[PDB]
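We begin with a single chain expressed as structure tokens, specifically the form deposited in one PDB entry.
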């Protein structure tokens, strides 16, 4: 595989997908037993290890549809990965999305052309794998972790003169990130399972920041939910 320097078997059925390869390192080393690094290519670290005696891998994706598509493609095609879970965050675009909320994306809107390229006059709506979604949801409820289930917006431009998120907020969209559409689309295409779990980095519309302590907590809940949504 071109972008991942690993061997047959070095990668688990379940990969967790942060955007930052340093959060990849942090996650593995903080949460997992007998950790191994399998990829050092391009600094986009991946790691396999164990959680409750079950194998789990953690691969960085980079930022943007185009970067994540690369990793998801190779993970699926070259390493027969079965379940794929994005664990990152997003800018919240609604007031009712609270900074302690954990978002489970049923679907994703986008200004990426990726789907228009393949489909033309169809708006393809990507779709989370429901069984993973239900699991993650259950895992949250049973521990009373605050959870919201709805849609997000996979953007191409972080800095965006022509942002239409105001209109997206008005249609119930929860927050904007930059990966989900690609994950959900590529996974479904290959008959695989995928889900994005997200925390709120800030409220983008009402301006305000969230604190370091608030981020640590919700981060930690995201990884918890992800892990138990699986074991």
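Superpose the two forms; the largest set of C-alphas matching within 1.5 Å is the rigid core. Only residues modelled in both forms are compared. Positions refer to the first chain, counted from 1.
Mean CA B-factor, 26-34 versus 172-180: the higher value falls on 26-34. Once the C-alpha B-factors are averaged per stretch, 163-171 and 200-208 rank with 200-208 first. Ranked by C-alpha B-factor against the other modelled residues of its chain, residue 187 falls in the lowest third.
Per the PDB record, residue ranking by Cα B-factor puts residue 59 in the middle third of the chain. Ranked within its chain, residue 39 lands in the highest third, by CA B factor from the PDB record. Per-chain ranking of the deposited C-alpha B factor places residue 131 in the middle third. When the modelled residues of the chain are ordered by C-alpha B-factor, residue 111 sits in the lowest third.
The next section is about a form of this same protein that is not shown, the form deposited in another entry.
Rigid core superposed between this form and the one not shown, residues 50, 30, 206, 164 considered: the one with a C-alpha shift of 2 Å or more is 206. When the rigid core is held fixed, the Cα atom of residue 142 travels 2 angstroms or more between this form and the one not shown.
If you fit the rigid core between this form and the one not shown, you'll see the Cα of residue 14 move by less than 2 angstroms. In the other form, the Cα-Cα separation between residue 30 and residue 218 shrinks by 3 Å or more relative to the displayed conformation. Relative to this form, in the other form the C-alpha atoms of residue 157 and residue 211 approach one another by 3 angstroms or more.
After superposing on the rigid core, the stretches of 3 or more consecutive residues whose C-alphas move by 2 Å or more between this form and the one not shown are 98-100, 142-144, 206-218.
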